[PDB]
>>> print(open('data-v2.tsv').read())   # TSV, C-alpha atoms
chain	number	residue	atom	x	y	z
D	1	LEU	CA	0.00	0.00	0.00
D	2	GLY	CA	2.99	2.29	0.47
D	3	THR	CA	4.37	1.76	-3.06
D	4	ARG	CA	0.84	1.87	-4.57
D	5	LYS	CA	0.08	5.64	-4.21
D	6	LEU	CA	-3.53	4.41	-3.89
D	7	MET	CA	-4.86	7.79	-2.69
D	8	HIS	CA	-4.53	9.33	-6.15
D	9	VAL	CA	-5.53	6.67	-8.72
D	10	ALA	CA	-8.91	6.43	-10.44
D	11	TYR	CA	-11.61	3.99	-9.39
D	12	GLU	CA	-10.76	1.74	-12.37
D	13	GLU	CA	-7.22	0.91	-11.22
D	14	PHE	CA	-8.25	1.13	-7.57
D	15	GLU	CA	-11.12	-1.24	-8.31
D	16	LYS	CA	-8.73	-3.73	-9.89
D	17	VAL	CA	-6.38	-3.46	-6.90
D	18	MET	CA	-9.38	-3.80	-4.57
D	19	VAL	CA	-10.54	-7.00	-6.28
D	20	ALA	CA	-6.97	-8.36	-6.16
D	21	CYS	CA	-6.86	-7.68	-2.41
D	22	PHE	CA	-10.06	-9.65	-1.91
D	23	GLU	CA	-8.59	-12.36	-4.18
D	24	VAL	CA	-5.70	-12.81	-1.74
D	25	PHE	CA	-8.10	-12.75	1.21
D	26	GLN	CA	-10.27	-15.44	-0.32
D	27	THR	CA	-7.25	-17.62	-1.03
D	28	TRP	CA	-6.48	-17.24	2.66
D	29	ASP	CA	-10.00	-18.14	3.80
D	30	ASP	CA	-10.70	-21.19	1.62
D	31	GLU	CA	-7.19	-22.61	1.79
D	32	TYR	CA	-7.11	-21.96	5.51
D	33	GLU	CA	-10.35	-23.89	5.87
D	34	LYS	CA	-8.69	-26.69	3.94
D	35	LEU	CA	-5.83	-26.52	6.42
D	36	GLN	CA	-8.42	-26.48	9.22
D	37	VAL	CA	-10.04	-29.71	7.95
D	38	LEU	CA	-6.50	-31.03	7.48
D	39	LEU	CA	-5.66	-30.50	11.16
D	40	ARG	CA	-9.12	-31.78	12.14
D	41	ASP	CA	-8.45	-35.17	10.56
D	42	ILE	CA	-4.91	-35.06	11.99
D	43	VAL	CA	-6.25	-34.75	15.53
D	44	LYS	CA	-8.72	-37.52	14.69
D	45	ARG	CA	-6.03	-39.90	13.44
D	46	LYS	CA	-3.88	-39.21	16.47
D	47	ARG	CA	-6.63	-39.77	19.14
D	48	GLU	CA	-5.12	-37.96	22.12
D	49	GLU	CA	-7.68	-35.94	24.19
D	50	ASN	CA	-10.46	-33.28	24.23
D	51	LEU	CA	-8.46	-30.09	24.81
D	52	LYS	CA	-10.10	-26.63	24.64
D	53	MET	CA	-8.14	-25.73	21.42
D	54	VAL	CA	-8.80	-22.15	20.34
D	55	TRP	CA	-9.71	-21.73	16.70
D	56	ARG	CA	-10.97	-18.15	17.32
D	57	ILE	CA	-8.05	-16.76	15.36
D	58	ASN	CA	-7.82	-13.01	14.83
D	59	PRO	CA	-4.91	-12.77	12.37
D	60	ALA	CA	-2.98	-9.76	11.13
D	61	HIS	CA	-4.97	-9.19	7.94
D	62	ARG	CA	-8.58	-8.74	9.07
D	63	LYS	CA	-7.35	-5.53	10.74
D	64	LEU	CA	-7.03	-3.98	7.30
D	65	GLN	CA	-9.86	-5.94	5.70
D	66	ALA	CA	-12.52	-4.24	7.87
S	1	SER	CA	-41.86	-56.64	27.27
S	2	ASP	CA	-40.37	-54.75	30.19
S	3	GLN	CA	-41.91	-57.08	32.79
S	4	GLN	CA	-40.40	-59.88	30.74
S	5	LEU	CA	-37.01	-58.26	31.28
S	6	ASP	CA	-37.59	-57.92	35.02
S	7	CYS	CA	-38.51	-61.57	35.33
S	8	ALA	CA	-35.53	-62.46	33.14
S	9	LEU	CA	-33.13	-60.69	35.49
S	10	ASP	CA	-34.74	-62.43	38.45
S	11	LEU	CA	-34.33	-65.72	36.63
S	12	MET	CA	-30.62	-65.07	36.25
S	13	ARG	CA	-30.63	-64.03	39.90
S	14	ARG	CA	-31.90	-67.46	40.88
S	15	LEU	CA	-29.99	-69.31	38.19
S	16	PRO	CA	-27.31	-71.82	39.25
S	17	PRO	CA	-23.82	-70.21	39.13
S	18	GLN	CA	-22.18	-73.17	37.41
S	19	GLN	CA	-23.61	-72.72	33.92
S	20	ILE	CA	-23.89	-68.95	33.80
S	21	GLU	CA	-22.55	-68.65	30.26
S	22	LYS	CA	-24.62	-71.45	28.73
S	23	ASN	CA	-27.85	-70.48	30.44
S	24	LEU	CA	-27.30	-66.83	29.61
S	25	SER	CA	-26.96	-67.81	25.98
S	26	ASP	CA	-30.16	-69.84	26.31
S	27	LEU	CA	-32.07	-66.93	27.83
S	28	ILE	CA	-30.80	-64.76	24.99
S	29	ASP	CA	-31.94	-67.50	22.60
S	30	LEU	CA	-35.46	-66.93	23.88
S	31	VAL	CA	-35.76	-63.26	23.01
S	32	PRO	CA	-32.67	-62.31	20.97
S	33	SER	CA	-34.05	-58.82	20.48
S	34	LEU	CA	-33.34	-58.29	24.20
S	35	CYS	CA	-29.86	-59.89	23.95
S	36	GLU	CA	-27.44	-56.98	24.27
S	37	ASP	CA	-29.69	-55.44	26.91
S	38	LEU	CA	-28.93	-58.32	29.26
S	39	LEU	CA	-25.20	-58.31	28.60
S	40	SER	CA	-24.86	-55.24	30.81
S	41	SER	CA	-26.20	-56.38	34.18
S	42	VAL	CA	-25.89	-60.16	34.03
S	43	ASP	CA	-22.68	-61.22	35.69
S	44	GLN	CA	-20.84	-64.09	33.99
S	45	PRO	CA	-17.19	-65.29	34.05
S	46	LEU	CA	-14.43	-63.74	31.99
S	47	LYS	CA	-12.82	-64.62	28.69
S	48	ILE	CA	-9.07	-65.15	28.44
S	49	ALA	CA	-7.48	-63.75	25.34
S	50	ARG	CA	-3.93	-64.18	24.12
S	51	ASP	CA	-1.58	-61.35	23.17
S	52	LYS	CA	0.43	-62.95	20.39
S	53	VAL	CA	3.20	-60.37	20.06
S	54	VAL	CA	3.92	-60.06	23.77
S	55	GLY	CA	3.25	-63.53	25.13
S	56	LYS	CA	0.92	-62.44	27.95
S	57	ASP	CA	-2.75	-62.76	28.73
S	58	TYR	CA	-5.51	-60.22	28.91
S	59	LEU	CA	-9.11	-60.56	29.91
S	60	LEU	CA	-12.19	-59.59	27.91
S	61	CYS	CA	-15.19	-57.45	28.87
S	62	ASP	CA	-17.10	-54.58	27.34
S	63	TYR	CA	-14.57	-51.90	28.21
S	64	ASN	CA	-11.88	-53.51	26.14
S	65	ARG	CA	-14.48	-54.49	23.56
S	66	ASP	CA	-13.48	-51.85	21.04
S	67	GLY	CA	-15.99	-52.27	18.24
S	68	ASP	CA	-15.85	-56.04	18.20
S	69	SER	CA	-12.12	-56.28	18.96
S	70	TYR	CA	-10.18	-56.23	22.19
S	71	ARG	CA	-7.46	-53.81	23.16
S	72	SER	CA	-4.62	-55.91	24.50
S	73	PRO	CA	-3.02	-53.71	27.18
S	74	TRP	CA	0.23	-55.55	26.81
S	75	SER	CA	0.41	-54.37	23.20
S	76	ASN	CA	-2.38	-51.76	22.69
S	77	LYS	CA	-3.54	-53.68	19.62
S	78	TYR	CA	-6.98	-54.89	18.60
S	79	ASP	CA	-7.88	-58.50	18.11
S	80	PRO	CA	-9.83	-59.14	15.67
S	81	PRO	CA	-7.63	-56.93	13.46
S	82	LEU	CA	-9.50	-53.65	13.64
S	83	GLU	CA	-7.18	-50.78	12.79
S	84	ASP	CA	-10.04	-48.35	13.39
S	85	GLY	CA	-10.58	-48.83	17.12
S	86	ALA	CA	-10.70	-46.25	19.88
S	87	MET	CA	-7.16	-46.00	21.16
S	88	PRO	CA	-6.88	-44.57	24.66
S	89	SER	CA	-5.00	-41.41	25.43
S	90	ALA	CA	-1.23	-41.77	25.08
S	91	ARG	CA	-1.12	-40.22	28.53
S	92	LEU	CA	-3.61	-42.79	29.67
S	93	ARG	CA	-1.72	-45.46	27.74
S	94	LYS	CA	1.32	-44.84	29.92
S	95	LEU	CA	-0.92	-44.65	32.97
S	96	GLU	CA	-2.52	-47.90	31.84
S	97	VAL	CA	0.72	-49.79	31.33
S	98	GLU	CA	1.82	-48.82	34.81
S	99	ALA	CA	-1.66	-49.75	36.01
S	100	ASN	CA	-1.30	-53.21	34.50
S	101	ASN	CA	2.10	-53.46	36.12
S	102	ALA	CA	0.87	-52.51	39.60
S	103	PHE	CA	-2.04	-54.86	39.39
S	104	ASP	CA	0.23	-57.67	38.26
S	105	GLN	CA	2.07	-57.05	41.49
S	106	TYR	CA	-1.26	-57.01	43.36
S	107	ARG	CA	-2.41	-60.20	41.71
S	108	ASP	CA	0.86	-61.92	42.40
S	109	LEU	CA	0.77	-60.93	46.06
S	110	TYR	CA	-2.72	-62.18	46.81
S	111	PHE	CA	-3.53	-64.70	44.12
S	112	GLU	CA	0.00	-66.12	43.60
S	113	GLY	CA	-0.82	-66.63	39.92
S	114	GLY	CA	-3.87	-65.92	37.81
S	115	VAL	CA	-4.57	-63.45	35.02
S	116	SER	CA	-5.24	-59.74	35.34
S	117	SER	CA	-5.98	-56.70	33.20
S	118	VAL	CA	-6.63	-53.01	33.73
S	119	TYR	CA	-8.15	-50.94	30.93
S	120	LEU	CA	-8.81	-47.23	30.97
S	121	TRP	CA	-10.90	-44.52	29.36
S	122	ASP	CA	-11.62	-40.83	29.86
S	123	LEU	CA	-13.97	-38.50	31.73
S	124	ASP	CA	-14.23	-34.72	31.36
S	125	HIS	CA	-12.69	-34.04	34.76
S	126	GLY	CA	-10.89	-37.30	35.30
S	127	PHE	CA	-10.81	-40.79	33.86
S	128	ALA	CA	-12.20	-44.22	34.50
S	129	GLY	CA	-10.99	-47.78	34.33
S	130	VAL	CA	-11.89	-51.39	34.87
S	131	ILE	CA	-9.85	-54.04	36.65
S	132	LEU	CA	-10.25	-57.64	35.64
S	133	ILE	CA	-8.79	-60.45	37.76
S	134	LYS	CA	-9.43	-64.11	37.05
S	135	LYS	CA	-7.86	-66.76	39.22
>>> encode(input="data-v2.tsv", output="C-alpha cells")
Amino acid sequence: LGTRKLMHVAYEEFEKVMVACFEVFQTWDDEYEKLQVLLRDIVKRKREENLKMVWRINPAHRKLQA
Amino acid sequence: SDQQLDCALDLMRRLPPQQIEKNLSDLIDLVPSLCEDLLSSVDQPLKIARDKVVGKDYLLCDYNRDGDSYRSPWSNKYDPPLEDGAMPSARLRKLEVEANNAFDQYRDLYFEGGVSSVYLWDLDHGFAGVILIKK
C-alpha cells in the first residue's frame, strides 16, 4: 500500500487493486479452511484428548480488511 | 416386554452359578431382540485372550471391547484386526501400562498366579478404568 500511491488513482485501477486484495483474502480463507479440515483429521487420526483448542483466530490481515 | 425383562433378570438371579454362560446364551436364545440389553447387568465369568506379540494374557469385557475387537493392554492392539478402534490417550496409555504393572504385582501378592488386566478410558474431569482379575 505504500508503493501503490492508492490515494490518487482512479476507481478503475483502484477497483482492480481492490478485487486483487479480496482475491488474496479469499485464497487465505478457503485454503485456511482446507488446512483447518487437514488439522481436524490429523487430531482424529492421532486420538489424544479433548483439549479446549482455540480456533478463534484473529490474524494480522482482518485488521485492514474491515 | 419390560416385565419380561424384570422376570428375566430375576431368573438369572436365581440361576445356578455353574452354567452362567450357557444359560445366559439360552435366555438370549429366547428373546434375541433383548440380547445386548442383558449383557450389561448379568454377571458371567471372563474370557481369556492371548496377546500374540507379547506372550501375555488379557481378559475380555465390554470396556476392552473396542468395536468387536479387544485392546490388549500388553500391546495396545486390537484382536480381531481392527485398525479403526478407539485408542486410549497416550497419557492414559502410559498410565494404563503402569496400572497393569501394579495390578500384576497385586495379583501376584494375593492370588499367587492368575490373570489380570486393567483398561482405561476418559472422563471430562478425570478418567475411569476397569480391573479384571481371574484366578
>>> residues_around(input="data-v2.tsv", residues="residue 54 in chain S", least_positions_apart="6", cutoff="12 Å", atoms="all atoms listed in the file", output="short mmCIF file (atom, residue, chain, number, x, y, z; two decimals) with C-alpha atoms, keeping the file's coordinate frame")
data_model
loop_
_atom_site.label_atom_id
_atom_site.label_comp_id
_atom_site.auth_asym_id
_atom_site.auth_seq_id
_atom_site.Cartn_x
_atom_site.Cartn_y
_atom_site.Cartn_z
CA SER S 72 -4.62 -55.91 24.50
CA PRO S 73 -3.02 -53.71 27.18
CA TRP S 74 0.23 -55.55 26.81
CA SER S 75 0.41 -54.37 23.20
CA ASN S 76 -2.38 -51.76 22.69
CA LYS S 77 -3.54 -53.68 19.62
#
>>> atom_distance(input="data-v2.tsv", atom1="CA of residue 109 in chain S", atom2="CA of residue 133 in chain S")
12.7 Å
>>> residues_around(input="data-v2.tsv", residues="residue 96 in chain S", least_positions_apart="4", cutoff="7 Å", atoms="all atoms listed in the file", output="MDAnalysis selection string")
chainID S and resid 92 100 118:120
>>> interface_residues(input="data-v2.tsv", of="chain S", to="chain D", cutoff="12 Å", atoms="all atoms listed in the file", output="short mmCIF file (atom, residue, chain, number, x, y, z; two decimals) with C-alpha atoms, in the coordinates of the input")
data_model
loop_
_atom_site.label_atom_id
_atom_site.label_comp_id
_atom_site.auth_asym_id
_atom_site.auth_seq_id
_atom_site.Cartn_x
_atom_site.Cartn_y
_atom_site.Cartn_z
CA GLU S 83 -7.18 -50.78 12.79
CA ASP S 84 -10.04 -48.35 13.39
CA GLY S 85 -10.58 -48.83 17.12
CA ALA S 86 -10.70 -46.25 19.88
CA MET S 87 -7.16 -46.00 21.16
CA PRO S 88 -6.88 -44.57 24.66
CA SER S 89 -5.00 -41.41 25.43
CA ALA S 90 -1.23 -41.77 25.08
CA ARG S 91 -1.12 -40.22 28.53
CA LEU S 92 -3.61 -42.79 29.67
CA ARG S 93 -1.72 -45.46 27.74
CA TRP S 121 -10.90 -44.52 29.36
CA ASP S 122 -11.62 -40.83 29.86
CA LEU S 123 -13.97 -38.50 31.73
CA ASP S 124 -14.23 -34.72 31.36
CA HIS S 125 -12.69 -34.04 34.76
CA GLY S 126 -10.89 -37.30 35.30
CA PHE S 127 -10.81 -40.79 33.86
#
>>> atom_distance(input="data-v2.tsv", atom1="CA of residue 44 in chain D", atom2="CA of residue 99 in chain S")
25.6 Å
>>> axis_aligned_box(input="data-v2.tsv", around="range 59-72 of chain S", padding_each_side="3 Å", output="AutoDock Vina command-line options")
--center_x -10.9 --center_y -56.2 --center_z 24.1 --size_x 18.5 --size_y 14.7 --size_z 17.7
>>> residues_around(input="data-v2.tsv", residues="residue 39 in chain S", least_positions_apart="5", cutoff="12 Å", atoms="only C-alpha atoms", output="mmCIF file with C-alpha atoms, in the coordinates of the input")
data_model
loop_
_atom_site.group_PDB
_atom_site.id
_atom_site.type_symbol
_atom_site.label_atom_id
_atom_site.label_comp_id
_atom_site.auth_asym_id
_atom_site.auth_seq_id
_atom_site.Cartn_x
_atom_site.Cartn_y
_atom_site.Cartn_z
ATOM 1 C CA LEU S 9 -33.130 -60.690 35.490
ATOM 2 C CA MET S 12 -30.620 -65.070 36.250
ATOM 3 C CA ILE S 20 -23.890 -68.950 33.800
ATOM 4 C CA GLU S 21 -22.550 -68.650 30.260
ATOM 5 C CA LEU S 24 -27.300 -66.830 29.610
ATOM 6 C CA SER S 25 -26.960 -67.810 25.980
ATOM 7 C CA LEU S 27 -32.070 -66.930 27.830
ATOM 8 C CA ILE S 28 -30.800 -64.760 24.990
ATOM 9 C CA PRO S 32 -32.670 -62.310 20.970
ATOM 10 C CA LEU S 34 -33.340 -58.290 24.200
ATOM 11 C CA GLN S 44 -20.840 -64.090 33.990
ATOM 12 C CA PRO S 45 -17.190 -65.290 34.050
ATOM 13 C CA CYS S 61 -15.190 -57.450 28.870
ATOM 14 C CA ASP S 62 -17.100 -54.580 27.340
#
>>> closest_residue(input="data-v2.tsv", among="S:22, S:48, S:37, S:128", to="residue 5 in chain S", atoms="only C-alpha atoms")
S:37
>>> atom_distance(input="data-v2.tsv", atom1="CA of residue 42 in chain S", atom2="CA of residue 111 in chain S")
24.9 Å
